Amino acid sequence: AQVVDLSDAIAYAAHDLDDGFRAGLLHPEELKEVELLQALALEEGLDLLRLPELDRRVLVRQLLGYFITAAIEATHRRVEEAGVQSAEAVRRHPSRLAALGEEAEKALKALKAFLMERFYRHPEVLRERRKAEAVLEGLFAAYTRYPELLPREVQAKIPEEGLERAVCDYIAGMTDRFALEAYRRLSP
Amino acid sequence: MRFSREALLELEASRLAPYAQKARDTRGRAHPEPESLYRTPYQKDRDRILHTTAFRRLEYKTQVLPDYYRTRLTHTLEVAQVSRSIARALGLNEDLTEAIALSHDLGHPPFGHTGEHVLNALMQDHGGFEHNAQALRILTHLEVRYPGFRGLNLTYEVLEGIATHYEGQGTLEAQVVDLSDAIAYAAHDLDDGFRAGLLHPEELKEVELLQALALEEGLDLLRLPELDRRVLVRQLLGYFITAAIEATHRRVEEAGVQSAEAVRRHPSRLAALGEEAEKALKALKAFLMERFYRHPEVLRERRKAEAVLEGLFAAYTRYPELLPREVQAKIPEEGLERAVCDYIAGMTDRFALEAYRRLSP
Amino acid sequence: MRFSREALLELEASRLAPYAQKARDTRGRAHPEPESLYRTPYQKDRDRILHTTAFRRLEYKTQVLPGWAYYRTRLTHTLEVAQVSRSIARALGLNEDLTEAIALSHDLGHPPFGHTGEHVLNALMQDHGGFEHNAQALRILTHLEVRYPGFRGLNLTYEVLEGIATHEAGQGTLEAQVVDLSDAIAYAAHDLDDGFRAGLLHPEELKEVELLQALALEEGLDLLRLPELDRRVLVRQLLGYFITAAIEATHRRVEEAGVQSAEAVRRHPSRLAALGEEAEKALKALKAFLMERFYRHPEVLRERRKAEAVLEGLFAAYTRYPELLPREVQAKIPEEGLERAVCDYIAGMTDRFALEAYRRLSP
Ligand SMILES: [Mg+2]
Ligand SMILES: [Mg+2]
């Protein structure tokens, strides 16, 4: 389970970056803001002025390998040095054992800070977020103020779970398109 | 034959009226730059203005009402034609006149005078918004098209014209442009009002000049057909243009001013339409206000414009992070509100409408 | 003071170069009308051209690719051709009002859908007289536009009509010739600009044409990225280059030729307006480059394919079912014939209206 969460983070970092560049939101010059990003691009002779398709793909794969490797080694270390001999021991251990090691740990942090700042807080990304916020808030207010607007199926769960919970479950279980369309259908 | 700028300047003088502004007497430009080989100072100003982003946007910003409605570019070209006709007749600097006419309306935000109104309201607590000053802001600070300085580095007289049409009275050339704008606005909003089927051929009697012109030419006052409308619009422009030339000539003779300097420092404006024309123009603008601008459909679109400008202003003001990074970057030196005002004001009608749409789910 | 037509005519002469067209030497207008007070013959022509319907549609017809969607517009182009030509004319002591009048009217006869329009229309009219934009402009100004009771057309001066018909050929006035040259100059500078602004041209391609690379390298212009400041500087320098070379080379040809009258230009064995050997080379290089990398760009061509299908669908429908035509146009068939009537109608359309008309024709 501990490995899954570390793999989530590694995955986030690598893919956000890929999607960032593809979407045209991240520029090939900002790689300099992350030592790991720069070291890889430079070590492979990548085109840091214009990160062509082939080069981006090399950058993402090398980044994943760097983290998968660091994760394997560091975790072996911490697991050995802890002496755990069973799954039960890992559970009752005073600390989590899945790790990246010092170097990879800060690299990943510096990478997450750069994605937060440049991709997540990108003007265009912030705009679709505000909109997404509006939809959910619109759905929530609408269904709790007017329960009668809910599908009969969901209305029936209100006695068991309570209005708020029943509505939250309904909104949380929706696909993006259905949520958007549901929101649109509430207005003229 | 190759006419260098030095030759053009000399020729321009002796040729123009004494009260006309000669480019060789220019107060100069804020920043230093070599002189042109062939172009005179105003010629260059005309050139620079033509290549600004704001001039290009005129083509995507309608004059009044955001199909048969003309753009601000068309309006500006009509202003340039009327102004140039009047200036040539009075022996005034035509390049200066044109340069001013191409530039006086650059500072309008998307939508109409409507735009400038709501924009000023928002901002009442942050220095306000006026379209002429926005024009000067654009030409001296907002457009970066030359390394070494912001703006266009235009001659003093062109900037002066945008501000006066700065000192007190401006050059006769500048005064002529404002009067031309009025004449232009009038004849063409009347034309567009009819084309849009908003004004009807029977309301013509509400203004004596229109009724008179139409009766005197045998126009079909019941179904004002295309050819008849065109005849009327033409005579209208003809009437006011003649008035302006004659009345201004009179004022100028009365005044005795023998130089542009004399014109700027004169107790009053000299450009005039004269008692009678001044009267008909007033009546006409009033009629247009009532039957065109305040026509229900027009007011419906006015409503929507107010809503687009107000939505964008509140959005970028309440969440600066929604602004392009390039605009966010100007916030330190300009202030949130002004940087946000400059951004909106620089939009085309469709960009603004689309931007406002994108803010919603 | 009040400068009358008479005063202006007098000033004009004695101020202009010998070989420049003086308005007082005009052959006049077809139909008779009282001579105005204040306005010079060409000045009046400028005023009428500006108010024609075709000039107005220029704001709704685009240059290069079809309107529907930031690509200048035929009006922006014209204004730019007017600026370049007037600039060159003045430097050469040529008639500026004549030059202007011609620049403002020469592109009035283009159909909707930039140049692609003219090629498909001419094709569709192979057996009926064909279609040409210069001839169409003339046809509009002498026949189709009716804004004055008493005659069809604008009753323009011989010299302006002459200009539209001779510019873009040994004949015509230096004014007219200067306009065609300005047209080429303007096209080049602005297509380049739109090419880049539209993300269709790339900074790295500037090296393909020696004049461009020469200008980028000289100003320390940042390539690979060619930011707007840099773009605006490249365009301006380019425009300055050709305008300067047009002036110096045309002055050269006119002197070496020895012509001392507009009539001499009209009759000279070759045209005097020129760029000089090196400039003509650069422009030709720039022309080939733009055609390959911009006009033939796939995004541009997919729109051009669409513009043809629209004009083809309009033409076929109206020619096969004249009853679909507005009654006002059906009324002109007997006097013009089916094909011309349809061709004039389609050619006078704005891009936006042509597309709509096309769409209304199908389920
Ligand atoms: Mg105005
Ligand atoms: Mg052209």
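As presented, residues are numbered from 1 along each chain according to the written sequence, a scheme that may differ from that of the entry, and residues lacking coordinates are left out. To read the labels, note that chains go from A and ligands from 1, taken in the order they are written. Only a portion of a larger assembly is shown here, and every reported value applies to that portion alone. The basis for the side-chain values is all heavy atoms of the structure; hydrogens and waters are excluded. Residues with missing side-chain atoms are left out of burial classes, side-chain pairs and their counts.

X-ray crystallography is the method the PDB entry states for this structure, with the resolution given as 2.2 Å.

Colleague: Help me get a handle on the coordination of the magnesium ion (ligand 1), residues and values and all.
Modeller: Residues and elements named next belong to chain B. Only N, O and S atoms count as donors, using a 2.8 Å cut-off from the metal and 3.2 Å for Na, K and Ca, and because water is excluded some sites may appear unfinished. Looking at the metal site, the magnesium ion (ligand 1) is ligated by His75 (NE2), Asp105 (OD) and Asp181 (OD), spaced 2.4 to 2.7 Å from it. In this scheme, a residue with accessible area under 20% of its type's maximum is buried, one over 50% is exposed, and one in between is partly exposed, where area comes from a 1.4 Å probe on protein chains only. A relative accessible area of 2% means that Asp105 is categorised as buried. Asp181 gets classed as buried once you look at its relative accessible area, which sits at 12%.

Colleague: Explain the packing of helix 2 (residues 41-51) of chain C against helix 5 (residues 96-105) of chain C residue by residue, including any values.
Modeller: Residue and element names in this part refer to chain C. Each axis is a line fitted through C-alpha atoms, and for a helix only the stretch in contact is used; angles between axes span 0 to 180 degrees, taken between their N-to-C directions. By definition, any uninterrupted DSSP run of H or I lasting at least four residues is a helix, any uninterrupted run of E lasting at least two residues is a strand, and each is numbered from the N terminus. One can describe the packing of helix 2 onto helix 5 by two numbers: an axis separation of 8 Å at closest approach and a directional angle of 20 degrees. Judged by the inter-axis angle, helix 2 sits roughly parallel to helix 5. Between helix 2 and helix 5 the crossing geometry is left-handed. Within the contact between the two elements, helix 2 uses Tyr42, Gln43, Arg46, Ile49 and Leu50 and helix 5 uses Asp97, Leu98, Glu100, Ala101, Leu104 and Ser105. What sets the label is the angle itself: under 35 degrees gives roughly parallel, over 145 gives roughly antiparallel, 65 to 115 gives roughly perpendicular, and the rest give oblique. What makes a crossing left-handed is the near helix being turned counterclockwise from the far one by less than a right angle; a clockwise turn instead makes it right-handed. By definition in these notes, contact holds between two residues if any of their heavy atoms fall within 4.5 Å.

Colleague: Now, about the UniProt feature "binding site: Mg(2+) 2" (unreviewed entry) in chain C: what can you tell me, with residues and values included?
Modeller: Residue and element names in this part refer to chain C. Following the UniProt record, the feature "binding site: Mg(2+) 2" (unreviewed entry) maps to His106, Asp107, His167 and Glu168 here. A compact arrangement is adopted by the annotated residues: their sequence extent is 63 residues, whereas the largest C-alpha distance between any two is 11.5 Å. Along the chain, the position of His167 falls in the loop between helix 8 (158-166) and helix 9 (174-197). Judged by its relative accessible area of 1%, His167 is buried. With respect to the helices, strands and loops of the structure, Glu168 is situated in the loop between helix 8 and helix 9. Assessed through its relative accessible area of 28%, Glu168 is described here as partly exposed. Sequence-distant contacts of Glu168, defined by excluding residues within four places in its chain, comprise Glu132, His133, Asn134, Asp180 and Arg271. N or O atoms within 3.5 Å of each other form a polar contact, as long as, within protein, one can give a hydrogen and the other can take it, and as long as residues adjacent in sequence are counted only when both atoms are side-chain atoms. There is a polar contact of 3.3 Å between the side chain of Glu168 and the side chain of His133. UniProt positions are given in the numbering used here, feature names are shortened, and annotations may be inferred rather than shown by experiment.

Colleague: Lay out the packing of aromatic side chains with the relevant residues and their values.
Modeller: Stacked, edge-to-face and tilted are the three classes for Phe, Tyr and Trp ring pairs, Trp counted by its six-membered ring, which pair at centre distances within 6.5 Å; planes under 30 degrees apart are stacked, over 60 edge-to-face, the rest tilted. All chains considered together, the criterion is met by 14 aromatic pairs over all chains. Consider the rings of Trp68(C) and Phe113(C), whose centres lie 5.2 Å apart with planes at 55 degrees: the pair is tilted. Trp68(C) gets classed as buried once you look at its relative accessible area, which sits at 17%. By the ring-pair criterion, three or more aromatic residues cluster together here, those being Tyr316(B), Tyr343(B) and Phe351(B). Criterion for a charge above a ring: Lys NZ or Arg CZ within 6 Å of the ring centre, and within 35 degrees of the ring normal. Over the ring of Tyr156(B) we find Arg27(B), and its NZ or CZ is 5.3 Å from the ring centre. When the ring centre of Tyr158(C) is taken as origin, the NZ or CZ atom of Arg27(C), which lies over that ring, is 4.8 Å away.

Colleague: Provide a residue-level description of empty space enclosed by the protein, including the pertinent values.
Modeller: Empty space among the atoms becomes apparent when a probe as large as a water molecule is rolled across them. For cavity detection a 1 Å grid was placed over the protein atoms alone, and a set of points counts as a cavity when a 1.4 Å probe fits there but cannot get out; an open set counts as a pocket when protein lies on both sides within 12 Å along at least five of seven lines, with lining residues being those that have an atom within 4 Å of a point. Grid points are joined across faces, edges and corners, and a volume is the space filled by probe spheres set on the points. If you add up the space inside the second largest cavity, you get close to 280 Å³. Surrounding the second largest cavity, 22 residues form its lining, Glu98(B), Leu79(C), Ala82(C), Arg86(C) and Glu100(C) being those nearest its centre. Secondary-structure elements contributing two or more residues to the lining of the second largest cavity are helix 2 (41-50), helix 4 (72-89) and helix 5 (94-103) of chain B together with helix 4 (74-91) and helix 5 of chain C. With 6 residues, the single largest contributor to the lining of the second largest cavity is helix 4 of chain C. Residue classes in the lining of the second largest cavity are distributed as 10 nonpolar, 4 polar and 8 charged. Side-chain classes follow a simple rule in which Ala, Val, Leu, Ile, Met, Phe, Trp, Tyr, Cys and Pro form the nonpolar group, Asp, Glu, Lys and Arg form the charged group, and the remainder, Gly included, forms the polar group.

Colleague: Can you lay out the coordination of the magnesium ion (ligand 2) for me, pointing to particular residues and giving the numbers?
Modeller: The coordination sphere of the magnesium ion (ligand 2) contains the protein donors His77(C) (NE2), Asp107(C) (OD) and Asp183(C) (OD), at a distance range of 2.2 to 2.4 Å. No difference in accessibility class separates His77(C) from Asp183(C), as the two residues are buried.

Colleague: Go over unusual backbone geometry with me, naming the residues and quoting the values.
Modeller: Residue and element names in this part refer to chain C. Of note, the phi angle at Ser14 is positive, near 85 degrees, even though the residue is not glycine. For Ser14, the location among the structural elements is in helix 1 (residues 5-15). The phi dihedral of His115 is positive, around 50 degrees, even though this residue is not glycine. Of note, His115 is situated in the loop between helix 5 and helix 6 (116-124).

Colleague: Run through the interface of chain B and chain C, naming residues and quoting values.
Modeller: Often, the extent of an interface is quoted as the loss of accessible area upon association of its parts. Every contact between the two is made by 55 residues of chain B and, on the other side, 53 residues of chain C. Those elements that provide at least two residues to the side of chain B that touches chain C are helix 1 (5-15), helix 2, helix 3 (53-57), helix 4, helix 5, helix 9 (172-195) and helix 11 (226-255) of chain B. Looking at the side of chain B that touches chain C, the element that brings in the most residues is helix 11 of chain B, giving 9 residues. Looking at the side of chain B that touches chain C, its residues break down into 23 nonpolar, 12 polar and 20 charged.

Colleague: Lay out the UniProt feature "binding site: Mg(2+) 3" (unreviewed entry) in chain C with the relevant residues and their values.
Modeller: All names here are of chain C. Feature annotation in UniProt assigns "binding site: Mg(2+) 3" (unreviewed entry) to the following positions: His106, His167, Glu168 and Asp183. With respect to the helices and strands, the residue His106 is situated in the loop between helix 5 and helix 6. The contacts of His106, once residues within four sequence positions are left out, are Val81, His133, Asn134, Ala137, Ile164, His167, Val179 and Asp183. Among the structural elements, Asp183 can be located in helix 9. On the basis of relative accessible area, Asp183 is assigned to the buried category, the value being 8%.

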